[PDB]
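The structure appears right after this line, and notes come after that.
Values reported hereafter were calculated over all heavy atoms of this structure, with side chains retained and with hydrogens, waters and symmetry mates removed. In what follows, chains carry the letters A, B, and so on, assigned in the order in which the sequence lines appear, proteins first and then strands, with residues in each chain numbered from 1.
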Amino acid sequence: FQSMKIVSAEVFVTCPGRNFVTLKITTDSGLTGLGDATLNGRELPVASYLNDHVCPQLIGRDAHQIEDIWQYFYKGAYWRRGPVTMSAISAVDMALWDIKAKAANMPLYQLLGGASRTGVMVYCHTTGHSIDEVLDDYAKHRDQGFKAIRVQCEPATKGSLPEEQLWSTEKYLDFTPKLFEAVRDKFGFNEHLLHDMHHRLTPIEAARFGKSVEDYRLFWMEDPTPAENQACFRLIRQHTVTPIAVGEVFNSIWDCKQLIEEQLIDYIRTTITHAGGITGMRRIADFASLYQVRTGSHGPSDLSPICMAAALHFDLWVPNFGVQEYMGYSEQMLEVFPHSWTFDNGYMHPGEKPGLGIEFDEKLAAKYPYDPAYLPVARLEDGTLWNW
Amino acid sequence: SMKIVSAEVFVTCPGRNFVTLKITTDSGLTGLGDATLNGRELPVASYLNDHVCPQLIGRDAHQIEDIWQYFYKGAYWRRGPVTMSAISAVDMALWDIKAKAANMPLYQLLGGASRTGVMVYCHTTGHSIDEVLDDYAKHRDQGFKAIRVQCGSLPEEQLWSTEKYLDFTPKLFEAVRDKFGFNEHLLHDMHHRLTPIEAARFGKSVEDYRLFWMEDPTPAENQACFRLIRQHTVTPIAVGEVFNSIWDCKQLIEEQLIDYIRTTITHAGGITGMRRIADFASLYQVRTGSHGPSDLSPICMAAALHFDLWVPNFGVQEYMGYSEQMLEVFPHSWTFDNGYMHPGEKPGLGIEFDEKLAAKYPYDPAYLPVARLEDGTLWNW
Amino acid sequence: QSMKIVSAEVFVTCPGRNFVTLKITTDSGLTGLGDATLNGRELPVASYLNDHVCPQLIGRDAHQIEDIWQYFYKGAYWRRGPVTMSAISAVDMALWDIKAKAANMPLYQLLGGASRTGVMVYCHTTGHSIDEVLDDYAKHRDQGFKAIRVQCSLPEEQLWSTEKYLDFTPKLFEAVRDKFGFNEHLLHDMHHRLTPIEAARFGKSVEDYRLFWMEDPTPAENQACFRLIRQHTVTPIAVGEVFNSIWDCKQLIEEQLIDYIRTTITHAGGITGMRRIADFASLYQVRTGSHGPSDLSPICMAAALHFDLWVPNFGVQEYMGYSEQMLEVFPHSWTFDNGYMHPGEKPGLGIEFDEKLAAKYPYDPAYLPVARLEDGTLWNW
Amino acid sequence: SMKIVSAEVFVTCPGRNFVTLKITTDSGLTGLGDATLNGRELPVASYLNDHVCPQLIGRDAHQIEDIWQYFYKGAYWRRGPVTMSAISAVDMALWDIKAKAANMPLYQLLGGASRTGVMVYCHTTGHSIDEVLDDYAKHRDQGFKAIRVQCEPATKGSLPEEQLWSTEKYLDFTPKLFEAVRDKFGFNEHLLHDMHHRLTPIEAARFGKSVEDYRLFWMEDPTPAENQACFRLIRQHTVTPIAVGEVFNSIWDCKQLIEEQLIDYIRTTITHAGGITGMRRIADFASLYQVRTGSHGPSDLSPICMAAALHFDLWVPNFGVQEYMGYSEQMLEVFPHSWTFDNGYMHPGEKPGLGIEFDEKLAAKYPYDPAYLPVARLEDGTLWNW
Amino acid sequence: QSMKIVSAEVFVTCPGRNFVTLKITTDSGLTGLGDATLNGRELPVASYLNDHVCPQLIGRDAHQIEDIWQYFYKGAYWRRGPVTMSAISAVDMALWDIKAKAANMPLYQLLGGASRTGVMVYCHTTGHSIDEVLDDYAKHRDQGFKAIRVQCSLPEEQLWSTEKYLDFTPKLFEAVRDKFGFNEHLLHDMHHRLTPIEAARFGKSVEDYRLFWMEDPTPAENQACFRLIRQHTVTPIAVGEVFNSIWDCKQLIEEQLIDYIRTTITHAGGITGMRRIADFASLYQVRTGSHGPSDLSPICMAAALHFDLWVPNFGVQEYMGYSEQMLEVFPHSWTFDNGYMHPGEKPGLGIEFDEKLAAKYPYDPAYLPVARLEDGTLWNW
Ligand SMILES: [Cl-]
Ligand SMILES: [Cl-]
Ligand SMILES: [Cl-]
Ligand SMILES: [Mg+2]
Ligand SMILES: [Mg+2]
Ligand SMILES: [Mg+2]
Ligand SMILES: [Mg+2]
Ligand SMILES: [Mg+2]
């Protein structure tokens, strides 16, 4: 309210179905803020970054100074950005905005400039090992009122060893376009059809693929090629009108500045938890808007419901909103995070609970100890370690 | 939630012309915004009164973003000085309301303080070197850490000569540094008078005196015109007081042709727009240098100080200042001490408007001067 | 030899919709008219003229068109924008009216004389179904139109959906070309609704039907946004009704991203500004296709037809048409024969303004619609 | 095919914190790797201990490249300081092992010696011109051919020290310093200077112009480089050479700086920028543009990194210089070394592998002790770059 | 610890065609071989080694591979080129042979170890008609080949016609994909015959058949000549068999104009040079596809397979094959199983050179063909 100094900043590691890492900031006034810090397959280094280094440095600080605190840790780290660093910084930022919206006694989205929309369009996944199988999952999710659907013919598998998947580009190219003809043939052009390419193709391959699918008018093709070299998207963009989305693996505006300003992409999928929190995400979204690039935040189960809360708040205000991904959470996971958001015929809403409108049931959570789970790696026929 | 019950515009001339917007919610909350456009005040009065204000009535005062977008895109004819002065008034006033509603000084809503105080600069007047040196001492004595050094119904017409300016103006700075050393930041306004290669020369000619910035070197409708300056001098460059949009300066920033962006709350889209401008500028290590003359109302000054306190890439804040007469009309809460200002801690912007004191000053026309060269050529003032 | 301006007055009338007219009178009794209409923001321009520009016009030599344009363009300090430029254009238009009268010539003669024998215009087509559009198309063809554009209180809010537009609209053109063949020019307005890669797709999807142009594909404040469209389709692009300046379109043109520039006399700086725009466009083989809706007054249409008859790189002229009522307030002298118009041979613009009929209809507030997406996102209308 | 049986992480603080990785093959071959990330050590210990090390067990230690790729790409979340510090530890450790297997000092495996020694530079300091001049004198006497002039930064404690910064004062004073140094000692030694990320580009442009007469070997870290285009303004206004990259973890951090020829020295390191595998690719790329290596070498990189760097330095064609801030003897006891120093030049030695040891028993006498780099703030409290 | 070179000898033999081999021997008796073969210009390389490089190798520490490479690369003063680089590559190859032996490892181990389990190779197809090609294709498939390349005294002169090639060749691929489906990788060599817009057309004309690559579309001395191809087709491009340096392909790669770089150990600077080429290529997602004809000696193929097994960005390896006769002179240790090869686990390159069998076949002059167009214009073969 007046000057809320931080009395404690605590890290919680729990596995209610999968691993989540959580930060809790408490002020002297007793206000609490929650932040997700989950980094899938590499959760603990982030727990450490916070527990051992950042949290002790939060104590005594005026929680009102979100920006100074962000700068302090972003630059003060000396070694800048990266996934572990930014997961930490984001967790803090998220928690501080929670607190601030509470101090203000409003739902966060009000603080960002209010609602730009009445609801947040979300999209879901279809899983099947044949055309017929997918066609059904689609039918199913349609009926549940989803207006956007991701077609593909828990990723982080328990077991301290990453599972190794064989991959062939040639086959994927020849078949996948068939997958979409089918979905359009059967269901018409009524829902938004999304597709994730999982970083598997070289640029000229991703170019051919995009062309190969223009007839089916995808809402987007995602993560066409590894994007560490942002110029690699140029070849795709000059050869196809299939929209491009990328960015779930990005942790900073520096990862995507060139992709945006060269207009190489249509949707930016950076997330509150990995790309610098509310503070970072606002800057990314606003930058994107200059180039008519829209938001399409990554939303799998490996970002905690805390992140989902913050994302929905962000999504209701942000002018250049595109879509919000909504893989699900098991009931088991949701129980650990009492929420207050709503889902209604394809659209979500963060609700009107002050702050993020989210909770963390520590006692429940403290009953699921951390349990090692890792994302798969991909190799080619010949063993070449590839992009998963 | 709060519906807008009334949106009223006030024109007053407490020593100079000011146009003010007052928004009132069904809950009692009021928000103030500046709409002052020097020399073209009344077209903004009309833009609000006759057009925007009526369409504000009944709306949720919480939907700042939707409202900005509604009037920015909804106008169909986009941006411009009159349009953006109107949109910014509204925006400034809704953030006053939002932060009152949240019971916080605005800067708290922007992300909190990044600094303890806001460095400001003032103007030193003179008709000779010795006069300027005097006003300079006078201002350093008042605690200023930054000092800017310069030697009716019808606009005054002023005669301009570039060649004389080029030949003389550098001796002025030499004088100032000779007497006062290099302790204060030395700023200078070029008032759009030079072509790019002239500005290049000027910049080079003042490199020894390490200026904080040279401002408004050449008109910037063609943003590429700053390329020649930038490739020839390491004298820092500031620009933007006349801009009303990110679109006015995106190329200047992204090509790194400027060091300070001088856009303001009242003319460049309010808190909402200025945030986006400043954040974009930061990617390129461009800092804020907001324009702050007497022809932007204390209401703008209130918001600017709130903004300046949070904004990470803050550079400096201009403070021309106000007469006591002007201020009386705008009861204010900001503080000043030893060359630094602070917005204060009052909820909202921390500013008020004396509607009946204002009522005593009807609008009195005044116009910026135009410049002409020797041969009469209409030039840049 | 010297035509001092004795008066410059602003009239606002609503003979079926709103119009703002400027009247300049010299000491010799010569009068010139200028349109100042800005749809849905009419009164701020009224003010810009009435309160600020007009009194500064008094005493001036109406012969100095260029000096006046520059005086108000730069003298304003806050440069360009829709309200500013509507005012400056009103003046410029009326000053050329006066100059052509003083020369005892129709204005096109002052511009360099006729480059064509008549000005090809185009019209719109009403229809809520492929079937109803095909009817209006047939009708307009019978009226001799050689070029046809196909489309299927408080601001009305309209629900927009890009995906539907993408899927349906190509069928409308297949229809029209199936029934009517490739005899007329098929124009189409996209109304700023698509993102750039969306517009790229659209343009590609309509290549078979060989459109005269697709217009306003995407908001163009970021002029580079047109690059993605232009590299993906050979469907010609037209833009610019919402522009007030060469600065709004210089990149679009110099990067050869557009085929037609649609800026108008009333909004883009008058005859003086339009000339510079057209000439610049021509270097890059961009042709004119000026915006001509009902919300630009018959004074503009007269100004436009003179401009159109002369300008070498002429492409086409829009003609939404006027109601018998509106036309009344503006006695006119142009002609229309078999798809082609002509300004006539009367001195000046060849246009009148019936002030007493005008004073019969008072200003009546009317505002353009806004667009929203399904989720309520404020969009481009 | 010598499989990995253990991959152990140690955290010791013999004067300051180090993190060390030890890999052991089934044949008993061991490899050491540095993983120290100053002020953020423990997330790297965890990245290894908790995630990477268990996934190394049973793999063939010969497959340096598959392993590099496996963790680089396999992480899904690519690069960054913690990630690359972990990956680098394992890489230089695998190269240690490979050179041992080859029964050769590592430089031989990289392509052999390109020079007879490795020119290093030391730090000079003082709070007055006169004092710096003194320290300079000393270092020339010790035989340093290159000297860094300015006028243990990570301070033990809970909270980062906060330092007041003024750019204006720095611009006006600092050239006088170099003048004095040149006036007194002539132009016989290479004169270096670190700018510590403090300046904006146009400011750095001016500074660089302002010191041209003193012909600096380089001016380092002029302005934050997250936006690499920020170096264009500097490079077009001054002929003072530019070094940067101690804070980089990847080729992606510097590829634009190098290919637009905005820098003369790349300062990436074995521990932070991807190990031997990563640094080779970085050095080779830079050579195309006539950019040379200027490896960062403070005390906060372990003597294991120094051993690897000297091996790398002896081979790499485009070698520029090697920083050698130095190690207290307490530090060195824990890492029994075999490199040599002789008149401003160093040499990795001829011991197989890296030629470096880690005395686990001694390391165990010194437990992790929190210490953090300072932050900078301006007069008004603005959080700046330190 | 120190391996002085005691001897470095050059052998020229024609066991079915010409080969030039270099043998380096150390004071410890370790020997390393290197290929120096340059097809049709074999003897100038023999000389470069024999007369100039080899005596300068004597007395030197064979451990200093990098210093030696640099000494001859820059020391030559006249830098790179086919003859120069064949010589430098011969040396480099043989020096790494020696180093891996001294390390008692197969060389791939020195490079960073295996990145794959085997090296995918591809083969050619003989046929004077669509029908005969389809047969050889079937054959090679049965041999387990996973990737197949389809083609239909004094230098022999060959008549070339681009227009015919353009019209026919797409049918060859339709055939192959009609009969055999999309199971194998279809490669194709264009042999430098087309201009860039011709190659653009060709690539487009074959998109349906999804080639693994089209190779050598146009002479590439002007690397920008590849831009027109790359903007017009998504058919992957391979190039580089004729390159001797990174300088020959740096632009092709950095502008992302190619998908495979085909430089070889023997011609492009040895292991040392190829490593730098591959690593550079990888930044841009360019993969290796090294040229492997009979005119590169089994020493090269052994060098290549080691390189291929390690290099992360491996794409494919050509294997024209060797005659039982040639293979004789070069006892080898690599394997080939089911479309994939492997260098083996022998220390060094794993290759021998039967000197006494070699001295049985003397040099026999053989020269590549030249191409001429109809009118006799000397063209690219
Ligand atoms: Cl990281
Ligand atoms: Cl305006
Ligand atoms: Cl040669
Ligand atoms: Mg994905
Ligand atoms: Mg100024
Ligand atoms: Mg239109
Ligand atoms: Mg440094
Ligand atoms: Mg070939």
To the nearest 0.5 Å, what is the distance between [atom1] on [X] and [atom2] on [Y]?
X      : Y      : atom1 : atom2 : value
D:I251 : D:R79  : CD1   : CZ    : 11.0 Å
D:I87  : D:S250 : CD1   : OG    : 10.0 Å
E:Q285 : A:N229 : CD    : CG    : 7.5 Å
A:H274 : A:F250 : NE2   : CZ    : 14.0 Å
E:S205 : E:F173 : OG    : CZ    : 8.5 Å
E:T126 : E:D135 : OG1   : CG    : 10.5 Å

Taking [Y]'s backbone N and O only, do any of them form a donor-acceptor pair with [X]'s side chain (distance below 3.5 Å, no angle check)?
X      : Y      : value
A:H141 : A:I149 : no
E:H306 : E:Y108 : yes
E:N313 : E:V286 : yes
E:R116 : E:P312 : yes
A:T176 : A:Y172 : yes
A:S168 : A:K171 : yes
A:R42  : A:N40  : no
E:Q151 : E:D189 : yes
E:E318 : E:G292 : yes
A:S297 : A:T271 : no

### Message
side-chain contact (heavy atoms from CB on, under 4.5 Å), that's the test. Do E:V316 and E:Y260 meet it? Break it down for me.
### Response
CA-CA 9 Å; E:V316 89; E:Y260 297 89; 5.6 Å; no

### Query
Which salt bridge (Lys or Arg N to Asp or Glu O under 4.0 Å) pairs, counting each pair once, include a residue from residues 204-217 of chain A, with sequence neighbours left out?
A:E205-E:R287, A:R217-C:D167

Strictly below 4.0 Å, N to O, side chains only: are [X] and [Y] in salt-bridge contact?
X      : Y      : value
A:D223 : A:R269 : no
A:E222 : A:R150 : no
E:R141 : E:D136 : no
A:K147 : A:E191 : no

### Task
Kindly indicate, with the supporting measurements, whether the criterion salt bridge (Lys or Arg N to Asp or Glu O under 4.0 Å) is fulfilled by A:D185 and A:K178.
CA-CA 10 Å; A:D185 271 353; A:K178 289 176 192 197; over 6 Å; no

How far apart are the closest heavy atoms of [X] and [Y], and which atoms are they?
X      : Y      : value
A:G383 : D:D66  : O-OD1, 4.3 Å
A:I236 : A:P203 : CG1-O, 3.5 Å
A:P162 : A:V377 : CB-CG1, 4.3 Å
E:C152 : E:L172 : CB-CD2, 3.5 Å
A:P300 : A:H298 : CG-CE1, 3.2 Å

### Query
Would A:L375 and A:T157 count as a side-chain contact (heavy atoms from CB on, under 4.5 Å) if you check the C-alpha gap in whole Å, the side-chain angles of each, and the deciding distance to 0.1 Å?
CA-CA 6 Å; A:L375 292 168; A:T157 56; over 6 Å; no

A side-chain contact here means heavy atoms from C-beta on lying under 4.5 Å apart; do [X] and [Y] qualify?
X      : Y      : answer
A:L235 : E:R230 : yes
E:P236 : E:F212 : no
A:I268 : A:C256 : yes
A:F233 : A:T225 : yes
A:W388 : A:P155 : yes
E:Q317 : E:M120 : no
A:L193 : A:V151 : yes
E:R275 : E:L111 : yes

Determine whether the aromatic ring centres of [X] and [Y] lie less than 6.0 Å apart.
X      : Y      : value
E:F336 : E:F145 : yes
D:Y76  : A:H199 : yes
D:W68  : D:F71  : no
A:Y123 : A:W220 : yes

[X] side chain to [Y] side chain, donor-acceptor N/O pair below 3.5 angstrom:
X      : Y      : value
A:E154 : A:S301 : yes
E:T235 : E:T233 : yes
D:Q55  : A:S160 : no
E:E255 : E:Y284 : no
D:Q63  : D:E65  : no
E:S129 : E:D131 : no
A:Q238 : C:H232 : no
D:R78  : A:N387 : yes

### Query
E:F182 ring centre to E:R177 NZ or CZ under 6.0 Å, with the angle to the axis within 45°?
yes

### Stepwise side-chain contact (heavy atoms from CB on, under 4.5 Å) check, E:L211 with E:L187
CA-CA 6 Å; E:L211 310 198; E:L187 293 63; over 6 Å; no

### Derivation of the side-chain contact (heavy atoms from CB on, under 4.5 Å) call for A:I244 and A:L264
CA-CA 8 Å; A:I244 303 172; A:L264 295 180; 6.0 Å; no

### Task
Check the surroundings of atom NZ in A:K186: do more than 12 heavy atoms from other residues, nucleotides or ligands lie under 6.0 Å from it?
no

### Message
Tell me whether the rings of A:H195 and A:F209 are parallel (<30°), tilted (30 to 60°) or perpendicular (>60°).
### Response
tilted

